[PDB]
Amino acid sequence: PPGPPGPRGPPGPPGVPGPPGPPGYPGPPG
Amino acid sequence: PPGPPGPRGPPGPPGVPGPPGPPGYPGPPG
Amino acid sequence: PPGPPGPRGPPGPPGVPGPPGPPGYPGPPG
C-alpha cells in the first residue's frame with residue numbers, strides 16, 4: 001500500500017500590497 | 001514508490017502596507 | 001517511503017491600508 005504523505009509544503013507568497021491610505025487633513029486657513 | 005505529496009503549506013505573510021493617501025484638500029480662504 | 005513536500009501555500013492577506021496622505025496646502029488669502 002502507499003507510503004506516508006510527504007511533509008507540509010512551504011509558506012505561501014506574501015499578500016498583495018495594501019490600499020492607498022485616506023486623503024490627508026485639509027490645509028491651514030489662508 | 002514514494003507516498004502522496006504532503007499537505008499544502010500555510011498562507012503567506014501579509015502584503016506590504018499600502019502607500020500614503022492623497023494630499024488633503026486646500027484649507028479655507030483667509 | 002514518504003511522499004514529496006506538499007504544494008506551496010496560498011497568498012497571505014492584503015497589506016494594511018496606508019497612512020493618511022500629506023496635509024493640504026494652505027487656503028487662498030482673504
Side-chain angles (χ1 to χ4, degrees), chain A, chain B:
Chain A
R8 192 179 73 174
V16 298
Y25 284 79
Chain B
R8 187 179 80 195
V16 171
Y25 255 83

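Atoms considered below: every heavy atom in the structure, side chains included; atoms not considered: hydrogens, waters and symmetry mates. Numbers restart at 1 for each chain; the letters A, B, ... are given by sequence-line order, proteins then strands.
- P14(B) and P14(A) get closest at one heavy-atom pair: O-CB, 4.1 Å.
- Take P10(B) and apply the side-chain contact (heavy atoms from CB on, under 4.5 Å) test, not counting sequence neighbours, and it matches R8(A), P11(A).
- When each of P2(B), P4(B), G30(B), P1(B) is scored by its heavy-atom pairs under 4.5 Å with chain A, the top score falls to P4(B).
- Counting all heavy atoms, side chain and backbone alike, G18(A) lies closest to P19(B) at O-CD, 3.7 Å.
- Nearest heavy-atom pair, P26(A) versus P26(B), reported as atom, atom and distance to 0.1 Å: CB-O, 4.4 Å.
- Closest approach of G12(A) and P13(B) over heavy atoms only: O-CD, 3.7 Å.
- For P7(B), the parts lying under 4.5 angstrom from a heavy atom of chain A are both the backbone and the side chain.
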